[PDB]
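To start, the structure under review is shown below, and the notes come after it.
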Amino acid sequence: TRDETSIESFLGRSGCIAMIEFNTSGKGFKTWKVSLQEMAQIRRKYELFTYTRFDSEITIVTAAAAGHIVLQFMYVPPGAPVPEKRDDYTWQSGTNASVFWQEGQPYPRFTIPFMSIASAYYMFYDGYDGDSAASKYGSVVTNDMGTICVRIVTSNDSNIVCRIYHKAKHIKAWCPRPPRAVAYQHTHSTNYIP
Amino acid sequence: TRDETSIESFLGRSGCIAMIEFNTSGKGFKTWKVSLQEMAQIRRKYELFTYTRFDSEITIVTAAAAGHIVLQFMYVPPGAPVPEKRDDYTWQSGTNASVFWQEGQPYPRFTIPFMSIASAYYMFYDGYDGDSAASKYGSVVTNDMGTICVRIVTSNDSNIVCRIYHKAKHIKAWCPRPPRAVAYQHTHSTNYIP
Amino acid sequence: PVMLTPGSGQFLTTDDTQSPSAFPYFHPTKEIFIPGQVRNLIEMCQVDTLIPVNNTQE
Amino acid sequence: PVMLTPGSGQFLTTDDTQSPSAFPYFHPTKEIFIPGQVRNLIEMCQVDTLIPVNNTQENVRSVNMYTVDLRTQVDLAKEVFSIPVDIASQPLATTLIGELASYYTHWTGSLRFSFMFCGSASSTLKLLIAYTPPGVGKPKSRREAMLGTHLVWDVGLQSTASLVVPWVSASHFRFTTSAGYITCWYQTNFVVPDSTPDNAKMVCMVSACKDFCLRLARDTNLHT
Amino acid sequence: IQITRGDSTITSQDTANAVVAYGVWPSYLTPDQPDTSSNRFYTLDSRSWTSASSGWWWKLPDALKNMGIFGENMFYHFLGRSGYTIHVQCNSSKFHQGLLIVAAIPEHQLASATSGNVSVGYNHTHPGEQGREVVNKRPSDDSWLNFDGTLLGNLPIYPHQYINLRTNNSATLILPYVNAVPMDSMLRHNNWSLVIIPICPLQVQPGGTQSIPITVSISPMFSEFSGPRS
Amino acid sequence: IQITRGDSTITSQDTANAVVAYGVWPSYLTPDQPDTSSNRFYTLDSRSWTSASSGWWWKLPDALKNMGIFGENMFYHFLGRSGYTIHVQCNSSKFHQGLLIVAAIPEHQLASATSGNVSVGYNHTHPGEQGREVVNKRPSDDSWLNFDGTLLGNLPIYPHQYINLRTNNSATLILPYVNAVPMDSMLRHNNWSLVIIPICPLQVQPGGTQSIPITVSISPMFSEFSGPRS
Numbered sequence: 064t065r066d067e068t069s070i071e072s073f074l075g076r077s078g079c080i081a082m083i084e085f086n087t088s098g099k100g101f102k103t104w105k106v107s108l109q110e111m112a113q114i115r116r117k118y119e120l121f122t123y124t125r126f127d128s129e130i131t132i133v134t135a136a137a138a144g145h146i147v148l149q150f151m152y153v154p155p156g157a158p159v160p161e162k163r164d165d166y167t168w169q170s171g172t173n174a175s176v177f178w179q180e181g182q183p184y185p186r187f188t189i190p191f192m193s194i195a196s197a198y199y200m201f202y203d204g205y206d207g208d209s210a211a212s213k214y215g216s217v218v219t220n221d222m223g224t225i226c227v228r229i230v231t232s233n237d238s239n240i241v242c243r244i245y246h247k248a249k250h251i252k253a254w255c256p257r258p259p260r261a262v263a264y265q266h267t268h269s270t271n272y273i274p
Numbered sequence: 064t065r066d067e068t069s070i071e072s073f074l075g076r077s078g079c080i081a082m083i084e085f086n087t088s098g099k100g101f102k103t104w105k106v107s108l109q110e111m112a113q114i115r116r117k118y119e120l121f122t123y124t125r126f127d128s129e130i131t132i133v134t135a136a137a138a144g145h146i147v148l149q150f151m152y153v154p155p156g157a158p159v160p161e162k163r164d165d166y167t168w169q170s171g172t173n174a175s176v177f178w179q180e181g182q183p184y185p186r187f188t189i190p191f192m193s194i195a196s197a198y199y200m201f202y203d204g205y206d207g208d209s210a211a212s213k214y215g216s217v218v219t220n221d222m223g224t225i226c227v228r229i230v231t232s233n237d238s239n240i241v242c243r244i245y246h247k248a249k250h251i252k253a254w255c256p257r258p259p260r261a262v263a264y265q266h267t268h269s270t271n272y273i274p
Numbered sequence: 003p004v005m006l007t008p009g010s011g012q013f014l015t016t017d018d019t020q021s022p023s024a025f026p027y028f029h030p031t032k033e034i035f036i037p038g039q040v041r042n043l044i045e046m047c048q049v050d051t052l053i054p055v056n057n058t059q060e
Numbered sequence: 003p004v005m006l007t008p009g010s011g012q013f014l015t016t017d018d019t020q021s022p023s024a025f026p027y028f029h030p031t032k033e034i035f036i037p038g039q040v041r042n043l044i045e046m047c048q049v050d051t052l053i054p055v056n057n058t059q060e061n062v063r064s065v066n067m068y069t070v071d072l073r074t075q076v077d078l079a080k081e082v083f084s085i086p087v088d089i090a091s092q093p094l095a096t097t098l099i100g101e102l103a104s105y106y107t108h109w110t111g112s113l114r115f116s117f118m119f120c121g122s123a124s125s126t127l128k129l130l131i132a133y134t135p136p137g138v139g140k141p142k143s144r145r146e147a148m149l150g151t152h153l154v155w156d157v158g159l160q161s162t163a164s165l166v167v168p169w170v171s172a173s174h175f176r177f178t179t185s186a187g188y189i190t191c192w193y194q195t196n197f198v199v200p201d202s203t204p205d206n207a208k209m210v211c212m213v214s215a216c217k218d219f220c221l222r223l224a225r226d227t228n229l230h231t
Numbered sequence: 014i015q016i017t018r019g020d021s022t023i024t025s026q027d028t029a030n031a032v033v034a035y036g037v038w039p040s041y042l043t044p045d055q056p057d058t059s060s061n062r063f064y065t066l067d068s069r070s071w072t073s074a075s076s077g078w079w080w081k082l083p084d085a086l087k088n089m090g091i092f093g094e095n096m097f098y099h100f101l102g103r104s105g106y107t108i109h110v111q112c113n114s115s116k117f118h119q120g121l122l123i124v125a126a127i128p129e130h131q132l133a134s135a136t137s138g139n140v141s142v143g144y145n146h147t148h149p150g151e152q153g154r155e156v157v165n166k167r168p169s170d171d172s173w174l175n176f177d178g179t180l181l182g183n184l185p186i187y188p189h190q191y192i193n194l195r196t197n198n199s200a201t202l203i204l205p206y207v208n209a210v211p212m213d214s215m216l217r218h219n220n221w222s223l224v225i226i227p228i229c230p231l232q233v234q235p236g237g238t239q240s241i242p243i244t245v246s247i248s249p250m251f252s253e254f255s256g257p258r259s
Numbered sequence: 014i015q016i017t018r019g020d021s022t023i024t025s026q027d028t029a030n031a032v033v034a035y036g037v038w039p040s041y042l043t044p045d055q056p057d058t059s060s061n062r063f064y065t066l067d068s069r070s071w072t073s074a075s076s077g078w079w080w081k082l083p084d085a086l087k088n089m090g091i092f093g094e095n096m097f098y099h100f101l102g103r104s105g106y107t108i109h110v111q112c113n114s115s116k117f118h119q120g121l122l123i124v125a126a127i128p129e130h131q132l133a134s135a136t137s138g139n140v141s142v143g144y145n146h147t148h149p150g151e152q153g154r155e156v157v165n166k167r168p169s170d171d172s173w174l175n176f177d178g179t180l181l182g183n184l185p186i187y188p189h190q191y192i193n194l195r196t197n198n199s200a201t202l203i204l205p206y207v208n209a210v211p212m213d214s215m216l217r218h219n220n221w222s223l224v225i226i227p228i229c230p231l232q233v234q235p236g237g238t239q240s241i242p243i244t245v246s247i248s249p250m251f252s253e254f255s256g257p258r259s
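Pasting the structure below:
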């Protein structure tokens, strides 16, 4: 009994953390910097803790509307260069992880390791990127988790939507915190005023 | 010999307990509250007993008519919020079980555990939801089994029919009852008058 | 190295495969003792029930 | 020679298969010791957190929601406070245990309620703290509360009192959306010497006991 | 012989010939209790069985809600649990004849006397110690359909005994607690219904007593309650 | 009794009743150190608690950056690490009343007093030994929202003690080093915030002292530094 209140049960359930959409007719690619802060319901559960550490399993559910479409999904790890164009050199780099997926095949899945240079992710961070009045404060300073990039490989009028399902695995969590009592206004910020 | 009259043999055969249908052109989703009372032939066999306990295996046979369609089938457990709209927050909740299925793939299958807060389902219940003259009587009071929800994930004129096949598993049954002698009039009710 | 065989991907309605639990981590409510468990219908067949011998329209 | 079976190629969102590492050869940063690891949420439920008992429109934007007034200038026949014991509803719903229970459909086990008197060392008073079981109906008077399960608490002698409400329902769990009432009554007037405040505040707290359990997780708009 | 429970005593020689429902003796709840002050025989007002009678029913614990310590315990606790001994006696001459089935039905969810999806109302399903003597939210009168759409000839699948007036003047049912939860609301829900139906109607010649009394005595057994209140 | 660390001495009988944050005693970093010249008690200027007070906070190590050898070590090394003993004393008569919560919050990332995505500025999050006494880049004043959008009634989830003026005049927190890296910039980042909030406001009758002093004494514990420079 009480395994359903284990941290693996509470934080380790798959959820749609991002919603990549793009069109084709540059243009035919999209990118998303990976964070758990986008969706309030996911964010609130992770923010019950000060630090968390997990590997993460990505599953990408794709729907498309105008032969079968071919997509490249690319994971760019922290501090590596992110694509600027649909056929940039970054898509060919053997240091990025790519999965090529073709329509009607089972949805693509991969696990990213815990990538951070610190031993856990900071859900909160009481410090700065530097000394300046312009310097960032809070959990945006730490926690580059990488970027998910999508392009169509096929030659040509179509709309593509990719739901990024994420499951945290082998989860550890430290220093419990009061639950968020008021609405989230912005990503990584503790600000609450409407 | 006589395993074919075991309760697992008698109650544990797969049958089409529900027939979800919807159209797309809100609108592009449908829901069905799970019960064994919809189909008289299924209902009569379970109502030979006062209490039953089982896990249940759901298999969803889908046909559709105007690329390959993508559907999300979602199990909402007892007491969780059911979808009000095609892109409501409830479809993204990691506490619901979802299977994404795409046309021509083998039909989706999952087992729901025995979900009830009581130790068995009440086939009959000689009691009320409360003290009032408006209070419900009978096996509708107990036995929320959850809700099956369906939406199209694809962007756009189509008609979809989903046959919900259900097999009870690891079945236990208690307190045998006379067979139903007269027609069923309504779900959960013992009423018989035309 | 595998070959699928002609039964592959069928939904045979009488099949008996394993399937994934929709809800791992969930523990079902404990099975208490309830009197009068039935394991086989032949237990019910062994009970004496009245024959409606006097079948007339009145 | 294999057959795929009807589950094959599904994305069931609750599945637990292996999957390929996107980055073999990469070794993650070593896990150092960090104080305060949490392994189960029931560790957090066991912490005493303040009940916002004083829910009135003047107090709910402030620290004053947590403090119950005790005073000389009062109708001594009226209740001091009452708390419904269901963690599903006000005032318990925004406590840490009410918040953690809101992520689950079902709860069970014992609740510890604690009361702390914050008057001066020269202030003395008796309070009657009563528990009324579910379905019995909230006491209308100090005499009716005294005929039930109660503590006569002398706040002069003891600055803290506690009550453990054990699990009492027909099923081993109940839904997170009665458990009875805790009610507080004046047993005496508020007694002070000269040059002492003729009023004080009391703080109410709640936590789980070691038997507490939550079941069937759910996500819902109880936070937007 | 004599049977005594609490300060109550009843006389019957048949007591060893009781039917134990499902072969399970009543018991206190296992680790995974007021005794004899609660667990008396309460004897209801006797029914008049006549050649015109369609049968009778009572719901348990509802028939005992006004009955002494047990009836008070049903209001003064949130949840409860009990088994029962039901003793039915039916005194007659050697010149009377008739057959009763005495049956206990678990979860006897009544059908209405009406064609809609309308439920049976709380006032009708909770008749108390008087029961219902069978003649828009009222229950079925069809004793031949067990008031629930099932045939009377199949009623013996439930815990039952016959009273055949030539053979035996009494029946005894021992009922364990039967529910899908360990304890439940004694006022919102009835675990058992006692049903008494004449299969062969009473016959006697004129100058014999035209009504014979059916006397029902019910004792709670292993009664347990939780959530006490004053 | 008397507590002595380095050339500093403080008096309090309550010292054995300290809360050890997360049950972990402070320690030197394991193989997978200036001692008592650094590890003195530094006593801050006492706060005036009044019936009007909303509470106070300090950030650590920031509150010690000007404090003797430890404050110099924060500028003369690139990376640092320490635990703390925080001793809070609050001297009062038997005729005063009030309740403080004294809490230590790890990574207390402040919300702004404003509606935009605008961060709290470095000048505001690094107040030094004076702390902030609570009243467009300034932090929240909502002590009832923990300055971070979380309820004050839930603040006890952090390492904390109460000061209830009738019972105890003091609180002691022992804080281990808490971070996701072994050592960090002592000037860019604060491991802990000390928060003192009146739950029950101060009351005393006229002719009593209307302000009571809250005295905060902080000792570094097991302090370690790396990358030394002159």
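Protein chains in written order, with the authors' numbering: chain A, 64 to 88, 98 to 138, 144 to 233, 237 to 274; chain A', 64 to 88, 98 to 138, 144 to 233, 237 to 274; chain C, 3 to 60; chain C', 3 to 179, 185 to 231; chain B, 14 to 45, 55 to 157, 165 to 259; chain B', 14 to 45, 55 to 157, 165 to 259. A prime marks a further copy of an entry chain.
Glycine included, every Cβ here is placed at the ideal spot set by N, Cα and C.
Where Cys229 (chain B) is concerned, the enclosing beta strand (DSSP E) starts and stops at 221-232.
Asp237 (chain A) sits exposed, since fewer than 16 C-beta atoms from the chains shown fall within 10 Å of its C-beta.
The segment 28-46 of chain C makes contact with the segment 201-217 of chain B; the number of CB pairs closer than 8 Å reaches 3 or more. In this chain, the alpha helix (DSSP H) harbouring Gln113 (chain A') covers 112-118. Using beta-carbon distances, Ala133 (chain B) counts as an interface residue toward chain A', with a partner under 9 Å. The C-beta of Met111 (chain A') comes no closer than 9 Å to any C-beta of chain B. Taking the C-beta atoms as reference points, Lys249 (chain A') is found no nearer than 9 Å to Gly98 (chain A'). Look at the segment 4-50 of chain C' and you find these whole runs of alpha helix (DSSP H), each 4 residues long or longer: 44-47. Residue pairing by DSSP leaves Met89 (chain B) without any beta bridge partner. Within the DSSP secondary-structure output, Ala81 (chain A') pairs in a beta bridge with A':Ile244. About 6 Å separates the beta carbon of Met212 (chain B') from that of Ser255 (chain B'), a gap short enough to meet the 8 Å contact definition. In the same chain as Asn88 (chain B'), and ignoring 5 residues on each side of it, the C-beta atoms closer than 7 Å to its own belong to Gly150, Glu151, in chain order. Secondary structure within the segment 82-169 of chain C': the beta strand (DSSP E) runs of 3 or more consecutive residues, fully enclosed, are 106-110, 113-119, 128-134, 151-156, 162-167 (chain order). Among the residues of chain A', those whose CB is under 9 Å from the CB of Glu33 (chain C) are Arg125, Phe191, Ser196, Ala197, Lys252, following chain order.
Membership of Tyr191 (chain B) in the beta strand (DSSP E) is indicated by the continuous run 189-193. Taking the C-beta atoms as reference points, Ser104 (chain C') is found nearer than 9 Å to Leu229 (chain C').
Residue burial annotation: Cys255 (chain A') is buried, with at least 16 other C-beta atoms found within 10 angstroms of its C-beta. For the pair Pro230 (chain B) and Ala125 (chain B), the CB atoms are not nearer than the 9 Å cut-off. Secondary structure of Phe121 (chain A') (DSSP, three-state): strand.
Per DSSP, reduced to three states, the secondary structure at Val217 (chain A) is coil, with no helix or strand assignment. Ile83 (chain A) has a beta carbon lying at 9 Å or more from every beta carbon in chain C'.
Between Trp168 (chain A) and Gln149 (chain A), the C-beta spacing is below 9 Å. CA-to-CA, the gap between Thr58 (chain B) and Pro249 (chain B) works out to about 9 Å. Within the same chain, and ignoring the five residues on either side of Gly105 (chain B) in sequence, the residues whose Cβ sits closer than 6 Å to its Cβ are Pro39, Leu204, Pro205, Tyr206, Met250, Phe251. Annotation: the continuous beta strand (DSSP E) that includes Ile108 (chain B) extends over 99-111.
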